[PDB]
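Peer 1: Have a peek at input.cif (mmCIF, C-alpha atoms).
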data_entry
loop_
_atom_site.group_PDB
_atom_site.id
_atom_site.type_symbol
_atom_site.label_atom_id
_atom_site.label_comp_id
_atom_site.auth_asym_id
_atom_site.auth_seq_id
_atom_site.Cartn_x
_atom_site.Cartn_y
_atom_site.Cartn_z
ATOM 1 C CA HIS A 3 12.654 14.022 -3.715
ATOM 2 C CA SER A 4 12.853 12.680 -0.165
ATOM 3 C CA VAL A 5 10.714 10.141 1.705
ATOM 4 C CA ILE A 6 9.749 10.002 5.377
ATOM 5 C CA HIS A 7 8.244 6.768 6.698
ATOM 6 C CA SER A 8 6.203 6.837 9.828
ATOM 7 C CA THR A 9 3.670 4.523 11.341
ATOM 8 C CA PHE A 10 1.239 5.923 13.834
ATOM 9 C CA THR A 11 -1.534 3.994 15.488
ATOM 10 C CA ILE A 12 -4.264 5.982 17.159
ATOM 11 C CA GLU A 13 -6.985 4.379 19.237
ATOM 12 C CA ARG A 14 -10.448 5.654 19.929
ATOM 13 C CA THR A 15 -13.574 3.944 21.250
ATOM 14 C CA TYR A 16 -17.262 4.169 20.314
ATOM 15 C CA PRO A 17 -20.300 3.204 22.432
ATOM 16 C CA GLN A 18 -21.993 2.308 19.156
ATOM 17 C CA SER A 19 -21.705 -1.322 18.144
ATOM 18 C CA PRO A 20 -18.882 -2.679 15.900
ATOM 19 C CA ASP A 21 -21.183 -3.447 12.916
ATOM 20 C CA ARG A 22 -22.250 0.185 12.943
ATOM 21 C CA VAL A 23 -18.633 1.361 13.249
ATOM 22 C CA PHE A 24 -17.795 -0.801 10.218
ATOM 23 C CA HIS A 25 -20.840 0.570 8.396
ATOM 24 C CA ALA A 26 -19.163 4.017 8.445
ATOM 25 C CA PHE A 27 -16.319 2.664 6.287
ATOM 26 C CA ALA A 28 -18.391 0.346 4.112
ATOM 27 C CA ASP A 29 -21.526 2.127 2.820
ATOM 28 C CA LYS A 30 -21.025 4.339 -0.243
ATOM 29 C CA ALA A 31 -23.524 7.010 0.793
ATOM 30 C CA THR A 32 -22.544 7.002 4.461
ATOM 31 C CA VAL A 33 -18.952 7.686 3.412
ATOM 32 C CA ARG A 34 -19.918 10.595 1.166
ATOM 33 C CA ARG A 35 -21.506 12.547 4.042
ATOM 34 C CA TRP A 36 -18.148 12.464 5.770
ATOM 35 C CA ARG A 37 -15.435 12.200 3.122
ATOM 36 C CA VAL A 38 -13.642 9.109 4.470
ATOM 37 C CA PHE A 43 -16.124 22.270 -2.025
ATOM 38 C CA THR A 44 -17.147 20.725 -5.352
ATOM 39 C CA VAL A 45 -16.577 17.024 -6.155
ATOM 40 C CA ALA A 46 -15.812 16.156 -9.783
ATOM 41 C CA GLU A 47 -15.456 12.370 -10.246
ATOM 42 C CA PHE A 48 -15.967 9.900 -7.392
ATOM 43 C CA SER A 49 -15.924 6.088 -7.416
ATOM 44 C CA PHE A 50 -16.414 3.425 -4.774
ATOM 45 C CA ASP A 51 -16.223 -0.367 -4.956
ATOM 46 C CA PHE A 52 -16.025 -1.845 -1.453
ATOM 47 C CA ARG A 53 -14.255 -5.082 -2.325
ATOM 48 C CA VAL A 54 -10.747 -6.442 -2.627
ATOM 49 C CA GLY A 55 -9.139 -5.137 -5.809
ATOM 50 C CA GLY A 56 -11.753 -2.408 -5.726
ATOM 51 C CA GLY A 57 -10.928 1.258 -5.930
ATOM 52 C CA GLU A 58 -12.044 4.595 -4.518
ATOM 53 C CA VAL A 59 -11.060 7.380 -6.892
ATOM 54 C CA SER A 60 -11.909 10.870 -5.707
ATOM 55 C CA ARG A 61 -11.315 14.298 -7.382
ATOM 56 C CA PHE A 62 -12.241 17.529 -5.569
ATOM 57 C CA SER A 63 -11.285 21.101 -4.719
ATOM 58 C CA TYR A 64 -12.022 23.641 -2.018
ATOM 59 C CA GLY A 65 -13.533 27.004 -2.910
ATOM 60 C CA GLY A 66 -12.146 26.967 -6.439
ATOM 61 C CA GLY A 67 -8.741 25.993 -5.129
ATOM 62 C CA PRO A 68 -6.459 23.331 -6.667
ATOM 63 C CA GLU A 69 -7.879 19.826 -6.890
ATOM 64 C CA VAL A 70 -7.055 17.088 -4.428
ATOM 65 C CA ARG A 71 -6.845 13.648 -6.118
ATOM 66 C CA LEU A 72 -7.357 10.578 -3.877
ATOM 67 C CA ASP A 73 -6.809 7.021 -5.148
ATOM 68 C CA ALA A 74 -7.232 4.103 -2.786
ATOM 69 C CA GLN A 75 -7.304 0.356 -3.347
ATOM 70 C CA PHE A 76 -8.741 -2.144 -0.856
ATOM 71 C CA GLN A 77 -6.150 -4.783 0.064
ATOM 72 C CA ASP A 78 -7.939 -6.847 2.734
ATOM 73 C CA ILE A 79 -11.581 -6.888 3.951
ATOM 74 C CA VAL A 80 -12.845 -8.710 7.083
ATOM 75 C CA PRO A 81 -16.653 -8.194 7.460
ATOM 76 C CA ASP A 82 -17.325 -6.039 10.540
ATOM 77 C CA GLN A 83 -13.753 -6.501 11.752
ATOM 78 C CA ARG A 84 -11.034 -5.342 9.363
ATOM 79 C CA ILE A 85 -10.478 -2.906 6.512
ATOM 80 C CA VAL A 86 -7.074 -2.629 4.853
ATOM 81 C CA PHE A 87 -6.487 -0.245 1.989
ATOM 82 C CA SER A 88 -3.658 1.611 0.346
ATOM 83 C CA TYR A 89 -4.056 5.115 -0.999
ATOM 84 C CA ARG A 90 -2.238 8.076 -2.425
ATOM 85 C CA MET A 91 -3.028 11.738 -2.229
ATOM 86 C CA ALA A 92 -1.991 14.456 -4.656
ATOM 87 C CA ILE A 93 -2.894 18.094 -4.623
ATOM 88 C CA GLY A 94 -0.736 19.133 -7.516
ATOM 89 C CA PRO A 95 0.742 18.045 -9.997
ATOM 90 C CA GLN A 96 2.328 17.225 -6.650
ATOM 91 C CA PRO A 97 2.157 13.738 -5.160
ATOM 92 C CA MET A 98 1.757 14.216 -1.401
ATOM 93 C CA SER A 99 2.044 10.636 -0.146
ATOM 94 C CA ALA A 100 1.035 6.969 -0.340
ATOM 95 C CA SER A 101 0.066 4.786 2.594
ATOM 96 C CA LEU A 102 -1.295 1.468 3.782
ATOM 97 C CA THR A 103 -4.183 1.867 6.181
ATOM 98 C CA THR A 104 -5.424 -0.661 8.684
ATOM 99 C CA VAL A 105 -8.639 -0.050 10.565
ATOM 100 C CA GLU A 106 -9.479 -2.765 13.075
ATOM 101 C CA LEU A 107 -12.437 -2.716 15.407
ATOM 102 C CA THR A 108 -12.585 -5.377 18.122
ATOM 103 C CA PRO A 109 -15.700 -5.564 20.371
ATOM 104 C CA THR A 114 -16.191 -0.562 19.938
ATOM 105 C CA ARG A 115 -12.468 0.067 20.100
ATOM 106 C CA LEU A 116 -11.536 1.019 16.554
ATOM 107 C CA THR A 117 -7.775 0.829 16.155
ATOM 108 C CA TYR A 118 -6.619 3.049 13.278
ATOM 109 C CA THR A 119 -3.229 2.257 11.841
ATOM 110 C CA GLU A 120 -1.522 4.116 9.065
ATOM 111 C CA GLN A 121 1.830 3.169 7.629
ATOM 112 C CA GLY A 122 2.757 6.042 5.375
ATOM 113 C CA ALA A 123 5.368 7.469 3.048
ATOM 114 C CA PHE A 124 5.659 11.255 2.827
ATOM 115 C CA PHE A 125 7.202 13.224 -0.012
ATOM 116 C CA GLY A 133 2.002 15.907 11.126
ATOM 117 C CA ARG A 134 -0.442 13.698 9.247
ATOM 118 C CA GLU A 135 -1.167 12.022 12.600
ATOM 119 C CA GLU A 136 -2.951 14.841 14.417
ATOM 120 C CA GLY A 137 -5.359 15.226 11.539
ATOM 121 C CA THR A 138 -6.073 11.519 11.771
ATOM 122 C CA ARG A 139 -7.102 11.682 15.395
ATOM 123 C CA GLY A 140 -9.440 14.340 14.096
ATOM 124 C CA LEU A 141 -10.844 12.168 11.359
ATOM 125 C CA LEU A 142 -11.842 9.862 14.227
ATOM 126 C CA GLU A 143 -13.247 12.625 16.374
ATOM 127 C CA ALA A 144 -15.487 13.241 13.356
ATOM 128 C CA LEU A 145 -16.286 9.537 13.144
ATOM 129 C CA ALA A 146 -17.744 10.199 16.571
ATOM 130 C CA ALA A 147 -20.026 12.739 14.850
ATOM 131 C CA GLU A 148 -22.180 10.851 12.329
ATOM 132 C CA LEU A 149 -21.823 7.996 14.794
ATOM 133 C CA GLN A 150 -25.388 8.606 15.986
ATOM 134 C CA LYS A 151 -26.877 10.491 13.018
ATOM 135 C CA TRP A 152 -29.256 7.573 12.431
ATOM 136 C CA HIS B 3 -8.558 -11.796 13.611
ATOM 137 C CA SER B 4 -5.172 -10.112 14.146
ATOM 138 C CA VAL B 5 -2.920 -7.681 12.317
ATOM 139 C CA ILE B 6 0.819 -7.370 12.855
ATOM 140 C CA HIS B 7 2.412 -4.099 11.705
ATOM 141 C CA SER B 8 6.130 -3.829 11.140
ATOM 142 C CA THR B 9 8.583 -2.024 8.935
ATOM 143 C CA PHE B 10 12.080 -2.995 7.894
ATOM 144 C CA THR B 11 14.814 -1.400 5.828
ATOM 145 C CA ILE B 12 17.622 -2.791 3.692
ATOM 146 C CA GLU B 13 20.576 -0.741 2.456
ATOM 147 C CA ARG B 14 22.735 -2.082 -0.334
ATOM 148 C CA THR B 15 25.106 -0.198 -2.606
ATOM 149 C CA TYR B 16 25.894 -1.015 -6.214
ATOM 150 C CA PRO B 17 28.900 -0.040 -8.354
ATOM 151 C CA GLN B 18 26.326 0.863 -11.005
ATOM 152 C CA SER B 19 24.892 4.360 -11.435
ATOM 153 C CA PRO B 20 21.216 5.216 -10.757
ATOM 154 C CA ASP B 21 20.030 4.992 -14.373
ATOM 155 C CA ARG B 22 21.245 1.400 -14.418
ATOM 156 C CA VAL B 23 19.690 0.222 -11.135
ATOM 157 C CA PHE B 24 16.447 2.102 -11.739
ATOM 158 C CA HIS B 25 16.248 0.385 -15.102
ATOM 159 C CA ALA B 26 16.502 -3.008 -13.396
ATOM 160 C CA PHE B 27 13.194 -2.169 -11.714
ATOM 161 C CA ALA B 28 11.336 -0.436 -14.536
ATOM 162 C CA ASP B 29 12.177 -2.766 -17.446
ATOM 163 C CA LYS B 30 9.894 -5.812 -17.580
ATOM 164 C CA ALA B 31 12.495 -8.108 -19.183
ATOM 165 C CA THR B 32 15.301 -7.264 -16.761
ATOM 166 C CA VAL B 33 12.889 -7.530 -13.840
ATOM 167 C CA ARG B 34 11.861 -11.039 -14.912
ATOM 168 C CA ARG B 35 15.417 -12.252 -14.399
ATOM 169 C CA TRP B 36 16.320 -11.308 -10.819
ATOM 170 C CA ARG B 37 12.915 -11.442 -9.070
ATOM 171 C CA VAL B 38 10.963 -13.841 -11.305
ATOM 172 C CA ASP B 39 12.044 -16.535 -13.794
ATOM 173 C CA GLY B 40 10.031 -17.156 -16.946
ATOM 174 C CA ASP B 41 11.971 -19.556 -19.164
ATOM 175 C CA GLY B 42 11.604 -23.316 -19.544
ATOM 176 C CA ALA B 46 2.867 -19.111 -14.398
ATOM 177 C CA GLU B 47 1.803 -15.448 -14.802
ATOM 178 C CA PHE B 48 3.450 -12.050 -14.682
ATOM 179 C CA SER B 49 1.670 -8.851 -15.663
ATOM 180 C CA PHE B 50 3.921 -5.840 -15.248
ATOM 181 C CA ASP B 51 2.606 -2.385 -16.133
ATOM 182 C CA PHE B 52 5.198 0.135 -14.955
ATOM 183 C CA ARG B 53 3.271 3.404 -14.415
ATOM 184 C CA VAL B 54 1.501 5.149 -11.534
ATOM 185 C CA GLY B 55 -1.895 3.474 -11.303
ATOM 186 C CA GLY B 56 -0.438 0.559 -13.200
ATOM 187 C CA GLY B 57 0.071 -2.758 -11.502
ATOM 188 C CA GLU B 58 1.803 -6.101 -11.329
ATOM 189 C CA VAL B 59 0.423 -9.625 -11.007
ATOM 190 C CA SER B 60 2.514 -12.673 -10.297
ATOM 191 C CA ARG B 61 1.441 -16.275 -9.998
ATOM 192 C CA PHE B 62 3.852 -19.116 -9.218
ATOM 193 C CA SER B 63 4.003 -22.404 -7.310
ATOM 194 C CA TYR B 64 6.652 -25.029 -6.525
ATOM 195 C CA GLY B 65 5.966 -28.569 -7.621
ATOM 196 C CA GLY B 66 2.227 -29.170 -7.562
ATOM 197 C CA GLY B 67 1.798 -27.033 -4.447
ATOM 198 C CA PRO B 68 -0.235 -23.891 -3.600
ATOM 199 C CA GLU B 69 0.010 -20.983 -5.981
ATOM 200 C CA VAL B 70 1.619 -17.916 -4.477
ATOM 201 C CA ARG B 71 -0.073 -14.764 -5.817
ATOM 202 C CA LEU B 72 1.289 -11.244 -5.485
ATOM 203 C CA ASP B 73 -0.872 -8.283 -6.567
ATOM 204 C CA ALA B 74 0.780 -4.867 -6.618
ATOM 205 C CA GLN B 75 -0.095 -1.338 -7.800
ATOM 206 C CA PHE B 76 2.351 1.496 -8.470
ATOM 207 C CA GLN B 77 1.703 4.552 -6.317
ATOM 208 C CA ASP B 78 4.576 6.834 -7.255
ATOM 209 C CA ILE B 79 7.518 6.950 -9.657
ATOM 210 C CA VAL B 80 10.326 9.529 -9.769
ATOM 211 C CA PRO B 81 12.790 8.633 -12.606
ATOM 212 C CA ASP B 82 16.011 6.934 -11.466
ATOM 213 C CA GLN B 83 15.343 8.025 -7.895
ATOM 214 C CA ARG B 84 12.174 6.520 -6.374
ATOM 215 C CA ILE B 85 9.651 3.720 -6.649
ATOM 216 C CA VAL B 86 6.584 3.296 -4.461
ATOM 217 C CA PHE B 87 4.026 0.543 -4.676
ATOM 218 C CA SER B 88 1.636 -1.282 -2.380
ATOM 219 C CA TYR B 89 0.883 -4.970 -2.761
ATOM 220 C CA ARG B 90 -0.852 -7.923 -1.201
ATOM 221 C CA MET B 91 0.341 -11.497 -1.102
ATOM 222 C CA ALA B 92 -1.554 -14.745 -0.743
ATOM 223 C CA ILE B 93 -0.833 -18.458 -0.944
ATOM 224 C CA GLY B 94 -3.895 -20.462 -1.923
ATOM 225 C CA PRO B 95 -7.037 -18.640 -0.702
ATOM 226 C CA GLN B 96 -5.465 -17.500 2.581
ATOM 227 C CA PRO B 97 -4.401 -13.825 2.295
ATOM 228 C CA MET B 98 -1.181 -13.533 4.253
ATOM 229 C CA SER B 99 -0.488 -9.779 4.034
ATOM 230 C CA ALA B 100 -0.672 -6.304 2.475
ATOM 231 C CA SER B 101 2.142 -3.801 2.504
ATOM 232 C CA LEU B 102 3.673 -0.705 1.032
ATOM 233 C CA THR B 103 7.068 -0.705 -0.630
ATOM 234 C CA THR B 104 9.343 2.243 -1.197
ATOM 235 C CA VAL B 105 12.560 1.981 -3.191
ATOM 236 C CA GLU B 106 14.937 4.937 -3.022
ATOM 237 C CA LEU B 107 18.006 5.373 -5.218
ATOM 238 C CA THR B 108 20.303 8.214 -4.188
ATOM 239 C CA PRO B 109 23.564 8.994 -5.992
ATOM 240 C CA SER B 110 26.594 7.598 -4.155
ATOM 241 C CA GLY B 111 29.338 9.558 -5.898
ATOM 242 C CA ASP B 112 29.954 7.065 -8.672
ATOM 243 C CA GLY B 113 27.693 4.303 -7.430
ATOM 244 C CA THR B 114 24.093 3.893 -6.316
ATOM 245 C CA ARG B 115 22.570 3.922 -2.818
ATOM 246 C CA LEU B 116 19.494 1.708 -2.565
ATOM 247 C CA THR B 117 17.332 1.874 0.513
ATOM 248 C CA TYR B 118 14.432 -0.572 0.223
ATOM 249 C CA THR B 119 11.731 0.037 2.870
ATOM 250 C CA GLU B 120 8.702 -2.174 3.510
ATOM 251 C CA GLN B 121 5.792 -1.184 5.764
ATOM 252 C CA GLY B 122 3.673 -4.269 6.053
ATOM 253 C CA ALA B 123 0.540 -5.632 7.605
ATOM 254 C CA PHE B 124 0.674 -9.402 8.200
ATOM 255 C CA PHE B 125 -2.633 -11.204 8.578
ATOM 256 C CA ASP B 126 -4.155 -13.433 11.202
ATOM 257 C CA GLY B 127 -1.509 -15.232 13.198
ATOM 258 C CA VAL B 128 0.853 -15.198 10.250
ATOM 259 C CA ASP B 129 4.066 -13.287 10.938
ATOM 260 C CA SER B 130 5.996 -13.478 7.695
ATOM 261 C CA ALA B 131 7.807 -10.190 8.314
ATOM 262 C CA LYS B 132 10.949 -12.124 9.211
ATOM 263 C CA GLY B 133 10.720 -14.489 6.254
ATOM 264 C CA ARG B 134 9.810 -11.660 3.877
ATOM 265 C CA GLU B 135 12.792 -9.475 4.772
ATOM 266 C CA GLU B 136 14.997 -12.554 4.375
ATOM 267 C CA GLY B 137 13.816 -13.057 0.809
ATOM 268 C CA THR B 138 13.997 -9.412 -0.242
ATOM 269 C CA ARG B 139 17.549 -9.275 1.108
ATOM 270 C CA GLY B 140 18.147 -12.212 -1.215
ATOM 271 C CA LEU B 141 16.426 -10.711 -4.229
ATOM 272 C CA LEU B 142 18.489 -7.538 -3.803
ATOM 273 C CA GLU B 143 21.634 -9.635 -3.533
ATOM 274 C CA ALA B 144 20.435 -11.392 -6.717
ATOM 275 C CA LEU B 145 19.886 -7.995 -8.365
ATOM 276 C CA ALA B 146 23.548 -7.283 -7.611
ATOM 277 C CA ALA B 147 24.644 -10.122 -9.898
ATOM 278 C CA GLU B 148 22.257 -8.924 -12.617
ATOM 279 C CA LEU B 149 24.325 -5.712 -12.657
#
Would you mind writing the structure in this file as structure tokens?
Peer 2:
Amino acid sequence: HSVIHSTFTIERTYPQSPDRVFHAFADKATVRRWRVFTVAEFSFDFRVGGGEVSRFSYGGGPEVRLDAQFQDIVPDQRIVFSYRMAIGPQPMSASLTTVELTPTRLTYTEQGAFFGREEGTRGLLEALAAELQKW
Amino acid sequence: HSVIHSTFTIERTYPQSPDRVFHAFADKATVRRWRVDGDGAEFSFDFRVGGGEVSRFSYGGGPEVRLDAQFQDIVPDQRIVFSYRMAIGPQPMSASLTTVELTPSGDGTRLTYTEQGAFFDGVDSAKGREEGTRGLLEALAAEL
């Protein structure tokens, strides 16, 4: 009933190599450990035109529906995808996400439309730092 | 590789009401007259969340311009959100998110068209892309 457009770019670095950094956004299993608490349906197809449907809830709460579609893929360098999140019957937002990693200095960019989200994103990267060595 | 991120907005009012202008976006036939032609290459239009669009055209014998879009959100007569990627030949020039808002303007319609895009490798079509959309919206005007 009202849209707010914001673009926030957050930067974070990783002593691990770029291929590894990219691996954390490419591999199906690797992404399940850290979701990009039951999980109903879940699909992944890491290619252009490929999707990433994801239905889930927290402690019996309402279900969060995530639908993403990969727009542009540059092996070990760039990942561009759009996605929408809903928690209702209640669309939360839709955004275009760019994740670049030059040799690592991953540069996370999110151009979104909201029907705030930034701080959580810096966190999603602080977590990236987590499973960053779990191997 | 490089990625340019930019956003632009275009406001344009119409003497028509929301139902009318929304329609011009949601009705395949109408759509095919102000944005695309189709009357003497390809145009799949499935207007629904999750549904998408596919357009393929070229001028003369030149490179085929392909636009692939998917609807992300639809609020009747008031909002349209879709993402899309464009390419000419095999070179993918960009991916972006589009938001179309239609707020009542007393007796007319307020249309704010916002485009958050990501232009690929060297290519900076942001300028050229806003130019065209500003034209397509002007063209829409006549269609109403």
Peer 1: Every residue with an atom at most 12 Å from (-9.9, 21.3, -7.9) (file coordinates; only C-alpha atoms) is what I'm after, so could you write them as a list in words?
Peer 2: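 Neighbouring residues, ordered by chain and number, come to residues 43, 44, 45, 46, 47, 60, 61, 62, 63, 64, 65, 66, 67, 68, 69, 70, 71, 72, 92, 93, 94 and 95 of chain A.
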Peer 1: May I have the residues within 10 Å of residue 116 (chain B) as a list in words, using only C-alpha atoms and disregarding those fewer than 6 positions away in the same chain?
Peer 2: residues 12, 13, 14, 15, 16, 20, 23, 24, 83, 84, 105, 106, 107, 108, 109, 110 and 142 of chain B
Peer 1: Rounded to one decimal, what separation in Å do you get between CA of residue 30 (chain B) and CA of residue 49 (chain B)?
Peer 2: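 Separation between CA of residue 30 (chain B) and CA of residue 49 (chain B): 9.0 Å.
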Peer 1: Which chain A residues are at most 8 Å from chain B (counting all atoms listed in the file), as a list in words?
Peer 2: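 Close to chain B, chain A has residues 3, 77, 78, 83, 86, 88, 89, 90, 97, 100, 101, 102, 104, 121, 122 and 123 of chain A.
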Peer 1: Counting all atoms listed in the file, what is within 9 Å of residue 27 (chain B), bar same-chain residues fewer than 5 positions away, as a short mmCIF file (atom, residue, chain, number, x, y, z; two decimals) with C-alpha atoms, keeping the file's coordinate frame?
Peer 2:
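Written file, part.cif:
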data_model
loop_
_atom_site.label_atom_id
_atom_site.label_comp_id
_atom_site.auth_asym_id
_atom_site.auth_seq_id
_atom_site.Cartn_x
_atom_site.Cartn_y
_atom_site.Cartn_z
CA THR B 32 15.30 -7.26 -16.76
CA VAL B 33 12.89 -7.53 -13.84
CA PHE B 52 5.20 0.14 -14.96
CA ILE B 85 9.65 3.72 -6.65
#
Peer 1: Which residue, A:99, A:108, A:117, A:150, has the smallest gap to residue 5 (chain A) when you use only C-alpha atoms?
Peer 2: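 Result for the nearest residue to residue 5 (chain A): A:99.
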Peer 1: Could you check the closest approach to residue 126 (chain B) for each of A:84, A:7, A:146, A:105 and tell me which residue wins, using only C-alpha atoms?
Peer 2: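 That would be A:84, the residue with the smallest distance to residue 126 (chain B).
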Peer 1: So that I can look at just that part, could you write region 34-58 of chain B with C-alpha atoms, as a compact mmCIF listing (two decimals), in the first residue's frame?
Peer 2:
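Final output, out-v9.txt:
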# COMPACT_ATOMS: atom_id res chain seq x y z
CA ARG B 34 1.37 -4.97 -26.97
CA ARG B 35 0.47 -1.59 -28.45
CA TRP B 36 2.45 0.97 -26.43
CA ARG B 37 5.55 -1.03 -25.40
CA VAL B 38 5.70 -3.71 -28.12
CA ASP B 39 4.27 -3.91 -31.66
CA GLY B 40 3.05 -7.22 -33.06
CA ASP B 41 1.30 -6.56 -36.36
CA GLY B 42 2.64 -6.85 -39.90
CA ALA B 46 9.34 -11.92 -32.84
CA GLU B 47 8.14 -13.25 -29.45
CA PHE B 48 6.10 -11.98 -26.53
CA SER B 49 4.98 -14.20 -23.67
CA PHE B 50 3.03 -12.23 -21.09
CA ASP B 51 1.65 -14.02 -18.03
CA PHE B 52 0.31 -11.34 -15.68
CA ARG B 53 0.42 -12.91 -12.19
CA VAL B 54 2.87 -13.04 -9.27
CA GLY B 55 5.37 -15.73 -10.21
CA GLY B 56 4.30 -15.29 -13.80
CA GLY B 57 6.66 -13.78 -16.32
CA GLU B 58 7.22 -12.01 -19.60
